[PDB]
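Chemist: For reference, this is final-v4.csv, and it has CSV, C-alpha atoms and all ligand atoms.
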```csv
chain,number,residue,atom,x,y,z
A,1,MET,CA,39.9,-215.3,-124.9
A,2,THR,CA,37.8,-212.4,-126.1
A,3,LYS,CA,34.5,-211.8,-124.2
A,4,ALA,CA,33.7,-208.2,-125.1
A,5,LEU,CA,33.7,-206.4,-128.4
A,6,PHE,CA,33.7,-202.6,-128.6
A,7,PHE,CA,32.6,-201.0,-131.9
A,8,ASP,CA,32.9,-197.4,-133.0
A,9,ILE,CA,29.9,-196.5,-135.3
A,10,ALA,CA,30.9,-194.1,-138.1
A,11,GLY,CA,33.4,-195.7,-140.4
A,12,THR,CA,33.5,-198.9,-138.4
A,13,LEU,CA,29.9,-200.2,-138.3
A,14,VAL,CA,28.3,-197.7,-140.6
A,15,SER,CA,29.7,-196.9,-144.1
A,16,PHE,CA,30.2,-193.3,-145.0
A,17,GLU,CA,29.3,-194.2,-148.6
A,18,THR,CA,26.1,-196.0,-148.0
A,19,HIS,CA,25.1,-194.8,-144.6
A,20,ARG,CA,24.4,-198.4,-144.0
A,21,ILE,CA,25.9,-201.3,-142.0
A,22,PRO,CA,27.5,-204.0,-144.4
A,23,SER,CA,25.5,-207.2,-144.6
A,24,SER,CA,28.5,-209.2,-143.5
A,25,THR,CA,28.9,-207.1,-140.4
A,26,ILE,CA,25.3,-207.9,-139.3
A,27,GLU,CA,26.0,-211.6,-140.0
A,28,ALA,CA,29.2,-211.5,-138.0
A,29,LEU,CA,27.5,-209.8,-135.0
A,30,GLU,CA,24.7,-212.4,-135.1
A,31,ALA,CA,27.2,-215.2,-135.1
A,32,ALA,CA,29.2,-213.6,-132.2
A,33,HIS,CA,26.0,-213.0,-130.2
A,34,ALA,CA,25.1,-216.7,-130.4
A,35,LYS,CA,28.7,-217.6,-129.3
A,36,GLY,CA,28.2,-215.5,-126.2
A,37,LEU,CA,30.3,-212.4,-127.1
A,38,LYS,CA,29.1,-209.2,-125.4
A,39,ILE,CA,28.7,-206.6,-128.1
A,40,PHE,CA,29.1,-202.9,-127.1
A,41,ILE,CA,28.8,-199.6,-129.0
A,42,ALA,CA,31.6,-197.2,-128.3
A,43,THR,CA,30.9,-193.9,-130.0
A,44,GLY,CA,31.6,-190.2,-129.8
A,45,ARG,CA,27.9,-189.6,-130.6
A,46,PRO,CA,25.3,-189.0,-127.9
A,47,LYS,CA,22.3,-191.4,-127.9
A,48,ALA,CA,20.0,-188.6,-129.0
A,49,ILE,CA,21.6,-188.5,-132.5
A,50,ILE,CA,22.3,-192.2,-133.0
A,51,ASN,CA,19.9,-192.8,-135.8
A,52,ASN,CA,21.7,-195.4,-137.8
A,53,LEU,CA,21.9,-198.6,-135.7
A,54,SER,CA,18.4,-199.9,-136.2
A,55,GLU,CA,19.5,-203.1,-138.0
A,56,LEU,CA,21.5,-204.1,-135.0
A,57,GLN,CA,19.1,-202.7,-132.4
A,58,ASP,CA,16.0,-204.4,-133.9
A,59,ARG,CA,17.9,-207.7,-133.9
A,60,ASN,CA,18.6,-207.2,-130.1
A,61,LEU,CA,22.4,-207.7,-130.6
A,62,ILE,CA,23.8,-204.8,-128.6
A,63,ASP,CA,24.5,-205.4,-124.9
A,64,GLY,CA,25.4,-201.9,-123.8
A,65,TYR,CA,26.5,-198.5,-124.9
A,66,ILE,CA,29.5,-196.2,-124.5
A,67,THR,CA,28.3,-192.8,-125.8
A,68,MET,CA,29.8,-189.3,-125.8
A,69,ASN,CA,33.3,-190.7,-125.9
A,70,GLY,CA,32.9,-192.4,-122.6
A,71,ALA,CA,31.1,-189.6,-120.8
A,72,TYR,CA,27.8,-191.4,-120.8
A,73,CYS,CA,27.6,-195.2,-120.4
A,74,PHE,CA,24.6,-197.5,-120.0
A,75,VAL,CA,23.5,-201.1,-120.1
A,76,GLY,CA,19.8,-201.5,-121.0
A,77,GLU,CA,18.1,-198.7,-119.1
A,78,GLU,CA,20.8,-198.5,-116.4
A,79,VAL,CA,23.3,-195.7,-116.5
A,80,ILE,CA,26.6,-197.1,-115.2
A,81,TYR,CA,28.7,-193.9,-115.5
A,82,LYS,CA,28.3,-190.3,-116.6
A,83,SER,CA,30.2,-187.1,-116.3
A,84,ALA,CA,29.9,-183.3,-116.8
A,85,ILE,CA,32.3,-180.6,-118.0
A,86,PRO,CA,33.5,-178.0,-115.6
A,87,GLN,CA,31.3,-175.0,-116.1
A,88,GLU,CA,34.2,-172.6,-116.7
A,89,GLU,CA,35.3,-174.7,-119.7
A,90,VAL,CA,31.7,-174.8,-121.1
A,91,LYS,CA,31.6,-171.0,-120.8
A,92,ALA,CA,35.0,-170.6,-122.4
A,93,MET,CA,34.1,-172.8,-125.3
A,94,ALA,CA,30.8,-171.0,-125.9
A,95,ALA,CA,32.5,-167.6,-125.8
A,96,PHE,CA,35.3,-168.8,-128.2
A,97,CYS,CA,32.9,-170.3,-130.7
A,98,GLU,CA,30.6,-167.3,-130.7
A,99,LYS,CA,33.6,-164.9,-131.1
A,100,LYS,CA,35.0,-166.9,-133.9
A,101,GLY,CA,31.7,-167.4,-135.7
A,102,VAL,CA,31.7,-171.2,-135.6
A,103,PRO,CA,28.9,-173.4,-134.4
A,104,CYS,CA,28.9,-175.7,-131.4
A,105,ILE,CA,26.7,-178.6,-130.2
A,106,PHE,CA,26.0,-178.8,-126.4
A,107,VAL,CA,24.8,-182.2,-125.1
A,108,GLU,CA,22.9,-182.5,-121.8
A,109,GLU,CA,21.7,-185.8,-120.3
A,110,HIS,CA,18.2,-185.4,-121.8
A,111,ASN,CA,18.5,-182.6,-124.3
A,112,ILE,CA,20.8,-181.6,-127.2
A,113,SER,CA,21.2,-178.2,-128.8
A,114,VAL,CA,23.3,-176.4,-131.5
A,115,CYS,CA,24.4,-172.8,-131.4
A,116,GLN,CA,24.6,-170.8,-134.6
A,117,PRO,CA,24.5,-173.7,-136.9
A,118,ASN,CA,26.1,-172.7,-140.2
A,119,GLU,CA,27.4,-174.4,-143.5
A,120,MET,CA,29.9,-176.6,-141.5
A,121,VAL,CA,27.0,-178.2,-139.5
A,122,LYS,CA,24.9,-178.6,-142.6
A,123,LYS,CA,27.8,-180.0,-144.7
A,124,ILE,CA,29.3,-182.3,-142.1
A,125,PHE,CA,26.6,-183.4,-139.6
A,126,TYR,CA,23.5,-183.3,-141.9
A,127,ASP,CA,24.7,-183.8,-145.4
A,128,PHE,CA,27.7,-186.1,-144.8
A,129,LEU,CA,26.8,-187.9,-141.6
A,130,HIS,CA,23.0,-187.9,-142.0
A,131,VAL,CA,22.4,-186.6,-138.5
A,132,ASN,CA,18.8,-185.3,-137.9
A,133,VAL,CA,18.5,-181.6,-137.4
A,134,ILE,CA,19.4,-180.5,-133.8
A,135,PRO,CA,17.4,-177.7,-132.2
A,136,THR,CA,19.0,-174.3,-132.0
A,137,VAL,CA,19.5,-172.4,-128.8
A,138,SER,CA,21.6,-169.3,-128.0
A,139,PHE,CA,25.2,-169.4,-126.8
A,140,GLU,CA,24.1,-167.6,-123.7
A,141,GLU,CA,21.6,-170.3,-122.9
A,142,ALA,CA,24.1,-173.1,-123.7
A,143,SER,CA,26.8,-171.6,-121.6
A,144,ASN,CA,24.6,-172.1,-118.5
A,145,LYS,CA,23.6,-175.8,-119.0
A,146,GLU,CA,25.0,-178.9,-117.3
A,147,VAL,CA,26.9,-180.2,-120.3
A,148,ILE,CA,28.2,-183.7,-120.8
A,149,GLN,CA,29.7,-183.2,-124.2
A,150,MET,CA,30.4,-180.2,-126.5
A,151,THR,CA,31.1,-180.6,-130.2
A,152,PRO,CA,32.6,-177.4,-131.5
A,153,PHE,CA,33.0,-177.1,-135.3
A,154,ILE,CA,36.7,-176.0,-135.0
A,155,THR,CA,39.7,-176.9,-137.0
A,156,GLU,CA,42.9,-178.2,-135.5
A,157,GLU,CA,44.3,-174.6,-135.7
A,158,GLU,CA,41.2,-173.2,-133.9
A,159,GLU,CA,41.5,-176.0,-131.3
A,160,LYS,CA,45.0,-174.9,-130.4
A,161,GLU,CA,43.7,-171.3,-130.0
A,162,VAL,CA,41.0,-172.3,-127.5
A,163,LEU,CA,43.1,-175.0,-125.8
A,164,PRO,CA,44.5,-172.9,-122.9
A,165,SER,CA,40.9,-172.0,-121.9
A,166,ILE,CA,40.2,-175.8,-121.9
A,167,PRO,CA,42.7,-177.0,-119.4
A,168,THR,CA,41.1,-180.2,-118.2
A,169,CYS,CA,38.9,-181.5,-120.9
A,170,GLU,CA,39.5,-184.4,-123.3
A,171,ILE,CA,39.4,-183.4,-127.0
A,172,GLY,CA,38.6,-186.3,-129.4
A,173,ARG,CA,38.9,-185.8,-133.1
A,174,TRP,CA,38.6,-188.1,-136.1
A,175,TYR,CA,37.6,-185.4,-138.7
A,176,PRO,CA,39.1,-182.1,-139.5
A,177,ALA,CA,35.9,-180.0,-139.2
A,178,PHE,CA,34.9,-180.7,-135.5
A,179,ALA,CA,36.0,-182.2,-132.3
A,180,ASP,CA,34.2,-183.8,-129.3
A,181,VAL,CA,35.0,-182.3,-125.9
A,182,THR,CA,34.4,-184.2,-122.6
A,183,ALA,CA,35.6,-184.0,-119.0
A,184,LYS,CA,39.0,-185.1,-117.8
A,185,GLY,CA,39.7,-188.7,-118.5
A,186,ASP,CA,36.5,-189.4,-120.4
A,187,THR,CA,37.6,-191.3,-123.5
A,188,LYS,CA,36.4,-194.5,-125.0
A,189,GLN,CA,39.0,-196.2,-122.9
A,190,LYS,CA,37.1,-195.1,-119.8
A,191,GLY,CA,34.0,-196.4,-121.3
A,192,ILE,CA,35.6,-199.9,-121.8
A,193,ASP,CA,36.6,-199.8,-118.1
A,194,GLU,CA,33.1,-199.0,-117.0
A,195,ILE,CA,31.4,-201.6,-119.1
A,196,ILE,CA,33.8,-204.4,-118.2
A,197,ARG,CA,33.5,-203.5,-114.5
A,198,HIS,CA,29.8,-203.9,-114.8
A,199,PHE,CA,30.1,-207.4,-116.4
A,200,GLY,CA,33.1,-208.8,-114.5
A,201,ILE,CA,35.1,-209.0,-117.8
A,202,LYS,CA,38.9,-208.5,-117.6
A,203,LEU,CA,40.7,-206.0,-119.8
A,204,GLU,CA,42.7,-209.0,-121.2
A,205,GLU,CA,39.4,-210.3,-122.7
A,206,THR,CA,38.5,-207.2,-124.7
A,207,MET,CA,38.6,-206.3,-128.4
A,208,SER,CA,38.0,-202.9,-129.9
A,209,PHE,CA,37.3,-201.8,-133.5
A,210,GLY,CA,37.7,-198.2,-134.8
A,211,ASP,CA,38.6,-196.0,-137.7
A,212,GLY,CA,39.3,-192.7,-136.2
A,213,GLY,CA,41.5,-190.5,-134.0
A,214,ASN,CA,38.9,-190.7,-131.2
A,215,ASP,CA,39.4,-194.5,-131.2
A,216,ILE,CA,43.1,-194.5,-130.5
A,217,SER,CA,42.9,-194.7,-126.8
A,218,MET,CA,40.5,-197.7,-127.0
A,219,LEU,CA,42.6,-199.4,-129.7
A,220,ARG,CA,45.6,-199.2,-127.4
A,221,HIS,CA,43.7,-200.0,-124.2
A,222,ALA,CA,41.7,-203.1,-125.3
A,223,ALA,CA,43.7,-206.3,-125.3
A,224,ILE,CA,43.3,-206.5,-129.1
A,225,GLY,CA,42.6,-203.3,-131.2
A,226,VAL,CA,41.4,-203.5,-134.8
A,227,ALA,CA,41.7,-200.6,-137.1
A,228,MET,CA,39.6,-200.3,-140.3
A,229,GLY,CA,41.5,-200.5,-143.5
A,230,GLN,CA,40.7,-196.9,-144.5
A,231,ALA,CA,41.8,-195.4,-141.2
A,232,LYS,CA,44.6,-192.8,-141.0
A,233,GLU,CA,48.1,-194.0,-140.3
A,234,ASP,CA,48.1,-192.9,-136.7
A,235,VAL,CA,44.9,-194.9,-136.0
A,236,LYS,CA,46.4,-198.0,-137.7
A,237,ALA,CA,49.6,-197.6,-135.6
A,238,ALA,CA,47.6,-197.7,-132.4
A,239,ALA,CA,45.9,-200.9,-133.4
A,240,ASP,CA,47.3,-204.4,-133.1
A,241,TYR,CA,45.7,-205.5,-136.4
A,242,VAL,CA,44.5,-203.6,-139.5
A,243,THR,CA,41.5,-205.2,-141.2
A,244,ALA,CA,40.0,-204.6,-144.7
A,245,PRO,CA,38.1,-201.4,-145.5
A,246,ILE,CA,34.7,-201.2,-144.0
A,247,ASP,CA,32.9,-201.9,-147.4
A,248,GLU,CA,35.2,-204.8,-148.1
A,249,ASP,CA,33.9,-206.9,-145.2
A,250,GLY,CA,36.5,-205.5,-142.7
A,251,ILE,CA,34.6,-206.3,-139.5
A,252,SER,CA,33.7,-209.8,-140.5
A,253,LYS,CA,37.2,-210.6,-141.8
A,254,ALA,CA,38.7,-209.4,-138.5
A,255,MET,CA,36.3,-211.4,-136.4
A,256,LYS,CA,37.0,-214.5,-138.5
A,257,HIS,CA,40.8,-213.9,-138.3
A,258,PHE,CA,40.7,-214.0,-134.5
A,259,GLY,CA,38.3,-216.9,-134.3
A,260,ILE,CA,35.6,-214.8,-132.6
A,261,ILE,CA,33.4,-216.4,-135.2
B,301,MG,MG,34.6,-193.6,-136.5
```
Have the structure of the file written as C-alpha cells, please.
Ligand SMILES: [Mg+2]

Modeler:
Amino acid sequence: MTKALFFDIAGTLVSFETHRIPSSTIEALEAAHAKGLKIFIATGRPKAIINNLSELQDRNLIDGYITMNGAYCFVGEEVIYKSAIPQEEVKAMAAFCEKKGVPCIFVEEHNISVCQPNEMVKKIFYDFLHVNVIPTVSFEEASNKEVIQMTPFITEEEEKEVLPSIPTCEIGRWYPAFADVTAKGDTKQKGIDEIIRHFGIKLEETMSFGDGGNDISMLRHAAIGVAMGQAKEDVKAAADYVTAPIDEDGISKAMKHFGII
C-alpha cells in the first residue's frame, strides 16, 4: 500500500490560474496526513524561491522536501542529499547564455542569483509564476560559484546548441522558455530514492503526482504515477493514471480513487 506521496508544486499543487492551492487539495492532504501518509514536495524549484506553499506549511503537513529536481533534499532541518554541477559545465552554460543574450539563474546552497535578467525572466518567473525578484550578479561571478542548479532561459533549440558543452548534466523541462540543469543523475527520481531511504519506505509503496516534463522520471519510477489532467501527452503517457485538471479537484479525486483517503 502507499506510504509516501510525492507532489510537484507548479501545476500540481498550485494552480497557474489562481496562484493558489485548491481547497480540496488542502482537505485531501489533511486527511492523508491523519491516515499516516508521508507527504513530500518534489519540485524543480530551490527552497529560496518556494513562496507559495504556506497553506500546507502552516498546517504542518509536509514531511520532507525534494528541491532542485533532486539535487537538494531535506527532512526538517536535516539535509539528506545534495549535489553540485561540474565547474566546467557551470562555466560553459554561463558563457553560452552571455553570448546568446539570455538570462540564467544560478542556485547555490545558501544564495541564489540571476544574470542579465530580461523580458523572459520578468514574463515567466515574475509575472507568470509569481516568483519574488532574484538578486542580480554578473556572469563572471556566477561562473565561479559552487552551483547546485542552473536555470537558463533557453528554448529547446538553444538547449540543443549548448548540449555538447553540457555533457553530464540532467536537463529538466516542463515549459518552453527555460530549463533546469542539475548534475548527473539528479532528477526527481533520485529525490524519491533519497527520501524513501531515509524513512525505510519501499519504492513499491510510493505515489507521485506531476504535470510536467520534469516529472516524467518520477511518474515512471514511483509505484503509482499520477498525471494532472492538463499535462502534455508525454507526461500523461509516463503516468499510470491521469486525474482531472488541477482546478477540477484533480489531486483529491486521484487520492480518493486509490483509497489513499
Ligand atoms: Mg509542475

Chemist: So what do you get for atom CA of residue 57 of chain A versus atom CA of residue 5 of chain A, distance-wise?

Modeler: 15.6 Å

Chemist: Which residues form the shell of 8 Å around ligand MG 301 (chain B) when you count all atoms listed in the file, given as a CSV table (one decimal) with C-alpha atoms, keeping the file's coordinate frame?

Modeler:
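Result file is selection24.csv:
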```csv
chain,number,residue,atom,x,y,z
A,8,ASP,CA,32.9,-197.4,-133.0
A,9,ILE,CA,29.9,-196.5,-135.3
A,10,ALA,CA,30.9,-194.1,-138.1
A,11,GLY,CA,33.4,-195.7,-140.4
A,12,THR,CA,33.5,-198.9,-138.4
A,43,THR,CA,30.9,-193.9,-130.0
A,174,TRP,CA,38.6,-188.1,-136.1
A,210,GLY,CA,37.7,-198.2,-134.8
A,211,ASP,CA,38.6,-196.0,-137.7
A,212,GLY,CA,39.3,-192.7,-136.2
A,213,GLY,CA,41.5,-190.5,-134.0
A,214,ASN,CA,38.9,-190.7,-131.2
A,215,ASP,CA,39.4,-194.5,-131.2
```

Chemist: Tell me, as a PyMOL selection string, which residues lie within 9 Å of residue 86 of chain A, counting all atoms listed in the file; anything in the same chain fewer than 6 positions away does not count.

Modeler: chain A and resi 146-147+168-169+183

Chemist: For each of A:60, A:69, A:187, A:151, take the minimum atom-to-atom distance to residue 39 of chain A, counting all atoms listed in the file, then give the residue where this is smallest.

Modeler: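 Of the candidates, the smallest distance to residue 39 of chain A is held by A:60.
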
Chemist: Skip segment 222-226 of chain A itself and residues of its chain fewer than 3 positions away, then list as a PDB file with C-alpha atoms, keeping the file's coordinate frame all residues within 8 Å of it, counting all atoms listed in the file.

Modeler:
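Result file around_39.pdb:
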```pdb
ATOM      1  CA  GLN A 189      39.000-196.200-122.900  1.00  0.00           C
ATOM      2  CA  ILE A 192      35.600-199.900-121.800  1.00  0.00           C
ATOM      3  CA  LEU A 203      40.700-206.000-119.800  1.00  0.00           C
ATOM      4  CA  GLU A 204      42.700-209.000-121.200  1.00  0.00           C
ATOM      5  CA  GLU A 205      39.400-210.300-122.700  1.00  0.00           C
ATOM      6  CA  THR A 206      38.500-207.200-124.700  1.00  0.00           C
ATOM      7  CA  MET A 207      38.600-206.300-128.400  1.00  0.00           C
ATOM      8  CA  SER A 208      38.000-202.900-129.900  1.00  0.00           C
ATOM      9  CA  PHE A 209      37.300-201.800-133.500  1.00  0.00           C
ATOM     10  CA  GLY A 210      37.700-198.200-134.800  1.00  0.00           C
ATOM     11  CA  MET A 218      40.500-197.700-127.000  1.00  0.00           C
ATOM     12  CA  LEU A 219      42.600-199.400-129.700  1.00  0.00           C
ATOM     13  CA  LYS A 236      46.400-198.000-137.700  1.00  0.00           C
ATOM     14  CA  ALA A 238      47.600-197.700-132.400  1.00  0.00           C
ATOM     15  CA  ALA A 239      45.900-200.900-133.400  1.00  0.00           C
ATOM     16  CA  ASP A 240      47.300-204.400-133.100  1.00  0.00           C
ATOM     17  CA  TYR A 241      45.700-205.500-136.400  1.00  0.00           C
ATOM     18  CA  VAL A 242      44.500-203.600-139.500  1.00  0.00           C
ATOM     19  CA  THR A 243      41.500-205.200-141.200  1.00  0.00           C
ATOM     20  CA  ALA A 254      38.700-209.400-138.500  1.00  0.00           C
TER      21      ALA A 254
END
```

Chemist: Counting all atoms listed in the file, which residue out of A:162, A:93, A:42, A:102 sits closest to residue 73 of chain A?

Modeler: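 Using all atoms listed in the file, residue 73 of chain A sits closest to A:42.
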
Chemist: Can you work out the spacing between atom CA of residue 186 of chain A and atom CA of residue 170 of chain A in Å, to one decimal?

Modeler: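 Here the two named atoms are 6.5 Å from each other.
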
Chemist: Might you pull out every residue within 7 Å of residue 106 of chain A, with all atoms listed in the file counted and same-chain residues fewer than 5 positions away left off, and present them as JSON, numbers by chain?

Modeler: {"A": [112, 113, 114, 142, 147, 149, 150, 151]}

Chemist: Using all atoms listed in the file, which of A:105, A:56, A:66, A:95 sits nearest residue 21 of chain A?

Modeler: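 The answer is A:56, which sits nearest to residue 21 of chain A.
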
Chemist: Between atom CA of residue 98 of chain A and atom CA of residue 68 of chain A, what distance in Å does the model show, to one decimal?

Modeler: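 Separation of atom CA of residue 98 of chain A and atom CA of residue 68 of chain A: 22.6 Å.
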
Chemist: Just checking: using all atoms listed in the file, which residue out of A:90, A:166, A:85, A:107 ends up closest to residue 140 of chain A?

Modeler: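 Answer, going by the shortest atom-to-atom distance: A:90.
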
Chemist: Give the answer as one residue: which of A:120, A:129, A:41, A:171 has the shortest atom-to-atom distance to residue 184 of chain A, using all atoms listed in the file?

Modeler: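 So, comparing all the options, the nearest one is A:171.
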
Chemist: Tell me which of A:259, A:191, A:245, A:101 sits closest to residue 37 of chain A, counting all atoms listed in the file.

Modeler: A:259

Chemist: Extract, using all atoms listed in the file, all DNA, RNA and protein residues at most 9 Å from segment 193-201 of chain A, discarding same-chain residues fewer than 5 positions from it, and format them as a PyMOL selection string.

Modeler: chain A and resi 3-4+40+64-66+70+73-75+80-81+188+206
